[PDB]
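Structure first, then comments.
Every number here is computed from the coordinates shown, using simple stated rules; none is lab data. Positions of Cβ are backbone-derived with ideal geometry, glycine not excepted, and every protein chain shown enters the neighbour counts.
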Amino acid sequence: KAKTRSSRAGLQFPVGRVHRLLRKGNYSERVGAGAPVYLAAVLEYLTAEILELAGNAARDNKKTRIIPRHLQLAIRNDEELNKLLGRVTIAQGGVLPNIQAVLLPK
Amino acid sequence: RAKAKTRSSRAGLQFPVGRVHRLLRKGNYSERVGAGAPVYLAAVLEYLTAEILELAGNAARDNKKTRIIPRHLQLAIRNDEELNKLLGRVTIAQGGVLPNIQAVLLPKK
Amino acid sequence: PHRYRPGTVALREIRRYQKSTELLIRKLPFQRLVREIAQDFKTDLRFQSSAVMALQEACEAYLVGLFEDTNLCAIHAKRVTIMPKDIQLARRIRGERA
Amino acid sequence: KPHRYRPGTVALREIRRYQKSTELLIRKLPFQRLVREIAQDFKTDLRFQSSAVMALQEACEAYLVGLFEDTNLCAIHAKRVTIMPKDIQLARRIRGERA
Amino acid sequence: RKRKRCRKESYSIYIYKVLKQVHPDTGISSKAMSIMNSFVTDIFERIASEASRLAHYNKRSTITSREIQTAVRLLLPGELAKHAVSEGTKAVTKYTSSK
Amino acid sequence: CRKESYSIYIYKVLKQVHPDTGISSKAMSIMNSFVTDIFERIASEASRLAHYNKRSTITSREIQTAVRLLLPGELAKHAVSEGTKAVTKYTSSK
Amino acid sequence: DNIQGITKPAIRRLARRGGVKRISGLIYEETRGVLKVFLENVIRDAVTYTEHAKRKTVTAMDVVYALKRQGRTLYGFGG
Amino acid sequence: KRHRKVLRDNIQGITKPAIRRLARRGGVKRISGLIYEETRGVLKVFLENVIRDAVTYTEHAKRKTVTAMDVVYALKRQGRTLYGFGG
DNA sequence: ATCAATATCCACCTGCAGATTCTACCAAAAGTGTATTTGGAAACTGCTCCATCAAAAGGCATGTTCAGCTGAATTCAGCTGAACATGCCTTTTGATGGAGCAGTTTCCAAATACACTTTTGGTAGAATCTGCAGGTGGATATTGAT
DNA sequence: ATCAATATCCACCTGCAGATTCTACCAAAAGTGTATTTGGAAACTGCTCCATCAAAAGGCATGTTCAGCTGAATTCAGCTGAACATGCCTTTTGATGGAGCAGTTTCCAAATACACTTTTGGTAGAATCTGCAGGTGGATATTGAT
Ligand SMILES: [Cl-]
Ligand SMILES: [Cl-]
Ligand SMILES: [Cl-]
Ligand SMILES: [Cl-]
Ligand SMILES: [Cl-]
Ligand SMILES: [Mn+2]
Ligand SMILES: [Mn+2]
Ligand SMILES: [Mn+2]
Ligand SMILES: [Mn+2]
Ligand SMILES: [Mn+2]
Ligand SMILES: [Mn+2]
Ligand SMILES: [Mn+2]
Ligand SMILES: [Mn+2]
Ligand SMILES: [Mn+2]
Ligand SMILES: [Mn+2]
Ligand SMILES: [Mn+2]
Ligand SMILES: [Mn+2]
Ligand SMILES: [Mn+2]
Ligand SMILES: [Mn+2]
Ligand SMILES: [Mn+2]
Ligand SMILES: [Mn+2]
Ligand SMILES: [Mn+2]
Ligand SMILES: [Mn+2]
Ligand SMILES: [Mn+2]
């Protein structure tokens, strides 16, 4: 008869654990019952949106498996993710190909 | 019974050891606060206030002012190597800037 | 008729406004400005006078330091005149852009 | 008869080479050596988790690769193609670092 | 002789679930997974923190779905926040229908 | 709707360092913001320290490390000193 | 338009305080664009703090909190 | 009871061609001869600031080993967040 | 560099309004005193994970030569932006009136916190699966010189 | 507009390292039930904040002049990039010794939890004082001319 809250909310992300983490991190004396749900959803939506673009980036480089380069390409080419992660370093990500035009011959 | 003596007094501080204890409690920084934490913190806070007002005050006397105004705070902080870094991303209302003219812009003669 | 050489009033103006600490945008067009922008977000918002005064303080400092930065960029390109491309570079390097 | 690329051509190939890749660019033993020297000046007889030196190396290389983008814009702003210390200096100060 | 044991917790199983939902054929290297795990933990803190501020700011002892939502509006660029605010509201109403 | 500032404590510290000098109201509120600001910087770092090491308690030891992380070198050194001076004198009184 | 209320002689004073000796003509429209952008980011956050508190007045603290989020801490109106 | 070799002058181990590879990823086509000592200066300062804090986290935890998390926490304080090591 | 001639700043004084400092109270914090839970320092202790050492390969750092091309310097014109006086107009500033509010207080339904007792999802090794790193060779582009 | 010399692309193969799938204990959600908060829903203020109105004031928009700055064109010395031999030292990989994480237990020094009892910080008129608006009167800077 047990029914996991993640299941009740239709999420992959562990609503239960997210509840535990809000508590034992001391953000407030008490936590509302809807807060871990909403939070677990947003976490899930953001990992979904990123993996979407990173998967696209692996296929365009004929790879099955996502690697940190694909995370980096997906992130730095998406205007909004790039803002969200403007001060984040992705280990083994590299940079986006860019040569100032002033530097090319012709 | 007995006769009360504030934790600030016991520590030789002007800053409120009691109040800093309450604020640590009611800020949700931890389940518990040790008795030494607010003492230490209040001292540290007092010390930085001293260092700023010391230098900010020296500057008021150099403008023949009785009263420290934000300009002197701004003078004191931005002219001290360390206070300036501590407050490196802080705006001081009514502070102004340090007088500084990039030398290239001055006349050749 | 007496005329100061171009640049002499400027070095004088720099000294005036660095020595001083008054707000430099005049207050009403600015208060007016802040109110237009805010209603791109909600209506019958209301403002503590101290709240608009806070925004104005925040702005001028921001712009004054950007102007310090723009100025270094201009001098770096061996110029004395700041241009849009200098403001562009300074904001890029700060992380507000590109 | 002997073949020569005009100066700049090999540079542009390298820029392309290394922007396409994600390998670490500082050699790994000398970097580790550098880190242990520095860390040992703050505290003596420290040990390092491997992942900690690699974290430090990734962080460093990322920092410098990016400072070089900013330095490069500065040289160009001054109508040059060559990076020099004043470009790094200008960049570090606008950024908010110093000395 | 007797023996000792340990236990770690990550978002890996969930990340993999969501990965399979969008790219069923695609996989993910460990370094890549680890980066993803780093991302969740990061965003988790940014939101929880901002939420904690909002609660403390209004003299409230409770973090509710609403503090989370406002926090989300502050930290996400519009249209990432618009979608996120959407997905999250969907979850709370669904969670409230079956009790 | 009672308020609270560090004003009287700053005024007290002001008078100890320059007896003759005073402070404008705007200057005082700037100081009040300073104390509040640093307070949050140190508390947060101390909260972070505790949680990292699976600890429920913020102690003077946490403040001290936090102070080390946040303050510029010669300022960490004097602050760390002053704070120990304050805890010791506090233990003295039994 | 109210952005045009932020006039050339005002923008020039800011530049004078910022230590600029000579100013190009394209600067003032450039500046207004940047000021415009700044004011939006800060106010968007401030009103969001207001709406959350279920208030209709933007407070000084609302602007102070916004400015803290944006990394530009302001002293003198609460911290 | 035994000792290692003294660690000294290891910033010179950050060789010129490595500094040239990094600038290439950074999009630099041409490099002044003085760049290489500047970089070394900047790198050293960076590493000190980052490691100091990392070690401070170690001293606090009463450890003798610097961990990846110590380095990730250091990097977060310093405003340069690193993903992929405990991030 | 001196000389003279506007033009602008900037110290020495000085009464007065707007602020600061001073008096006189009180609720609300802060302190005490006593009684109890309890987080985390200590004392081991199993055992990953680190520190060296080393051999052998062959990848790259080095040092050198040399010329292409970049940076620095000069000169110069045209065109932009400063300075200035004039004149119109937006902004300040100074009360006033009244509504739309944030801020309180107090009451209960509704929500969250705990403590046990199941019950299941998540993790750690173990056992399978399998991209793709690495090593190639032929085509296709690119560069630079006749 | 061609050619020789290079380098870059880009697909083909394949065991193996690294990723997936699988097993089985068990930590941690979930479900229950009792015990506490709490964040409202209505009812009330005082108080900021808008909404106007209208003087007077600097401050701003204008238009003209011309100084001098920015950018263009040229020149040249020397620095930095390309190319290649040489050999150092990093990289791999591997075995081994041992520190010191990290896992556990047990127990006080230290925190939390009420209950009361002072004592202080905050608040609001009244009672002094410091900048401040202004006024010089004088120096200090600056410009155009010898
Ligand atoms: Cl911004
Ligand atoms: Cl009790
Ligand atoms: Cl050139
Ligand atoms: Cl007069
Ligand atoms: Cl003569
Ligand atoms: Mn303590
Ligand atoms: Mn060859
Ligand atoms: Mn899909
Ligand atoms: Mn009066
Ligand atoms: Mn008991
Ligand atoms: Mn225990
Ligand atoms: Mn040779
Ligand atoms: Mn030559
Ligand atoms: Mn001319
Ligand atoms: Mn199961
Ligand atoms: Mn390959
Ligand atoms: Mn294997
Ligand atoms: Mn009149
Ligand atoms: Mn050699
Ligand atoms: Mn009192
Ligand atoms: Mn009192
Ligand atoms: Mn005066
Ligand atoms: Mn005056
Ligand atoms: Mn003449």
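Taking the criterion of being β-branched (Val, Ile, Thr) and surrounded by fewer than 19 Cβ atoms within 10 Å (Cβ to Cβ), the only residue of region H:43-56 that qualifies is H:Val45. Residue-level check: of (1) under 15 Å from the mean Cα position of the chain (by Cα); (2) under 20 Å from E:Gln69 (Cβ atoms); (3) facing chain C (nearest Cβ under 9 Å), G:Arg69 misses just (3). Of the listed requirements (1) over 17 Å from the mean Cα position of the chain (by Cα); (2) farther than 26 Å from B:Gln74 by Cα, G:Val20 misses just one: (2). On the stretch given as region H:62-82, residues that are surrounded by fewer than 17 Cβ atoms within 10 Å (Cβ to Cβ) and of a type in the set (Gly, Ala, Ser) total 1. State yes or no: is F:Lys26 over 18 Å from B:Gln14 (Cβ atoms) and free of Cβ contacts under 8 Å to residues at least 12 places away in the same chain? It is true that F:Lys26 is over 18 Å from B:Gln14 (Cβ atoms) and free of Cβ contacts under 8 Å to residues at least 12 places away in the same chain.
Restricting the search to region E:75-91, which residues are among the hydrophobic types (A, V, I, L, M, F, W, C) and surrounded by fewer than 22 Cβ atoms within 10 Å (Cβ to Cβ)? Reasoning before the result, please.
In the first step, residues of region E:75-91 are kept if they are among the hydrophobic types (A, V, I, L, M, F, W, C); the result is E:75-76, E:80-81, E:84-85, E:91.
Within region E:75-91, E:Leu75, E:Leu80, E:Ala81, E:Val85 qualify.
Scanning for something under 21 Å from F:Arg48 (Cα atoms) and either in contact (Cβ under 8 Å) with a residue 40 or more places away in the chain or acidic (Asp, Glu) (or both), does region A:21-39 turn up at least one residue? The answer is yes; a qualifying residue exists.
Given the criteria free of Cβ contacts under 8 Å to residues at least 24 places away in the same chain and either within 16 Å of DNA strand J (Cβ to nearest atom) or surrounded by fewer than 23 Cβ atoms within 10 Å (Cβ to Cβ) (or both), does F:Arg61 qualify? Walk me through it before giving the result.
Working: free of Cβ contacts under 8 Å to residues at least 24 places away in the same chain: yes; either within 16 Å of DNA strand J (Cβ to nearest atom) or surrounded by fewer than 23 Cβ atoms within 10 Å (Cβ to Cβ) (or both): yes.
Yes, satisfied.
Among the listed residues C:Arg97, C:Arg91, which satisfies the condition of being under 18 Å from D:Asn72 (Cβ atoms) and crowded, with 18+ Cβ neighbours inside 10 Å?
On the way: C:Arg97 fails: crowded, with 18+ Cβ neighbours inside 10 Å.
C:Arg91 is the lone residue from the list that is under 18 Å from D:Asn72 (Cβ atoms) and crowded, with 18+ Cβ neighbours inside 10 Å.
At positive phi, out of contact with any helix residue (DSSP H, G or I) (no Cβ under 8 Å at 6 or more places or on another chain) and free of Cβ contacts under 8 Å to residues at least 24 places away in the same chain - does that describe any residue in region B:59-72?
Within region B:59-72 (the criterion being at positive phi, out of contact with any helix residue (DSSP H, G or I) (no Cβ under 8 Å at 6 or more places or on another chain) and free of Cβ contacts under 8 Å to residues at least 24 places away in the same chain), the answer is yes, since at least one residue qualifies.
Just to be sure, is B:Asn63 more than 9 Å from chain F (Cβ to nearest Cβ), under 30 Å from C:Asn71 (Cα atoms), surrounded by fewer than 17 Cβ atoms within 10 Å (Cβ to Cβ) and within 13 Å of DNA strand J (Cβ to nearest atom)? Yes. Scan region G:24-39 residue by residue and report those that are over 21 Å from the mean Cα position of the chain (by Cα) and within 7 Å of chain C (Cβ to nearest Cβ). Residue satisfying the conditions is G:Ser24 alone.
Hey, can you tell me all the residues within region E:22-58 that are more than 14 Å from DNA strand J (Cβ to nearest atom) and within 30 Å of F:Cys1 (Cα to Cα)? If the condition is that a residue be more than 14 Å from DNA strand J (Cβ to nearest atom) and within 30 Å of F:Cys1 (Cα to Cα), then E:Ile47, E:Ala48, E:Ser49, E:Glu50, E:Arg53 are the ones that fit.
Pick out the one residue from B:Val17, B:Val90, B:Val44 that is within 16 Å of ligand 1 (Cβ to nearest atom) and either of a type outside the set (D, E, K, R) or more than 7 Å from every other protein chain (Cβ to nearest Cβ) (or both). Before the answer, list the steps.
Working: B:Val17 fails: within 16 Å of ligand 1 (Cβ to nearest atom); B:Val44 fails: within 16 Å of ligand 1 (Cβ to nearest atom).
That would be B:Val90, the only listed residue that is within 16 Å of ligand 1 (Cβ to nearest atom) and either of a type outside the set (D, E, K, R) or more than 7 Å from every other protein chain (Cβ to nearest Cβ) (or both).
Of everything in region H:40-57, what is facing chain D (nearest Cβ under 7 Å) and not aliphatic (A, V, I, L, M)? Give them in sequence order. Give the steps one after another, and end with the answer.
Of all residues in region H:40-57, those facing chain D (nearest Cβ under 7 Å) come to H:42-43, H:46-48, H:50-52, H:55.
Correct list: H:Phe46, H:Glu48, H:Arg52.
Listed by position, the helices (runs of 4 or more DSSP H) inside region B:26-109 whose residues that are within 16 Å of ligand 6 (Cβ to nearest atom) and either touching a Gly at 6+ places or on another chain (Cβ under 6 Å) or more than 21 Å from F:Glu74 (Cα to Cα) (or both) number at least 3 are B:36-62. Filtering C:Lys27, C:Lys78, C:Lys19 for residues that are within 9 Å of DNA strand J (Cβ to nearest atom) and surrounded by fewer than 19 Cβ atoms within 10 Å (Cβ to Cβ) leaves a single hit, C:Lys78. Assess whether G:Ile23 counts as being closer than 19 Å to C:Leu28 by Cα, touching a helix residue (DSSP H, G or I) at 6+ places or on another chain (Cβ under 6 Å), among the β-branched types (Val, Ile, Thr) and more than 16 Å from ligand 8 (Cβ to nearest atom). So G:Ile23 does not fit the description; no.
With respect to the conditions (1) more than 11 Å from DNA strand I (Cβ to nearest atom); (2) over 21 Å from D:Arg95 (Cβ atoms), C:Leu72 lacks only one, and its number is (2).
Look at (1) closer than 30 Å to F:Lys94 by Cα; (2) more than 10 Å from DNA strand J (Cβ to nearest atom) and you find that B:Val33 fails only one, number (2). Anything in region G:48-68 that is touching a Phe, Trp or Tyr at 6+ places or on another chain (Cβ under 9 Å) and within 16 Å of ligand 1 (Cβ to nearest atom)? List them, or say none. If the condition is that a residue be touching a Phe, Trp or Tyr at 6+ places or on another chain (Cβ under 9 Å) and within 16 Å of ligand 1 (Cβ to nearest atom), then G:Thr48, G:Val63, G:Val64, G:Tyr65, G:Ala66 are the ones that fit.
Quick check: is even one residue across region E:19-37 touching an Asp or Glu at 6+ places or on another chain (Cβ under 7 Å) and either within 17 Å of A:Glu44 (Cα to Cα) or of a type in the set (A, V, I, L, M) (or both)?
Yes, because at least one residue in region E:19-37 is touching an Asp or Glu at 6+ places or on another chain (Cβ under 7 Å) and either within 17 Å of A:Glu44 (Cα to Cα) or of a type in the set (A, V, I, L, M) (or both).
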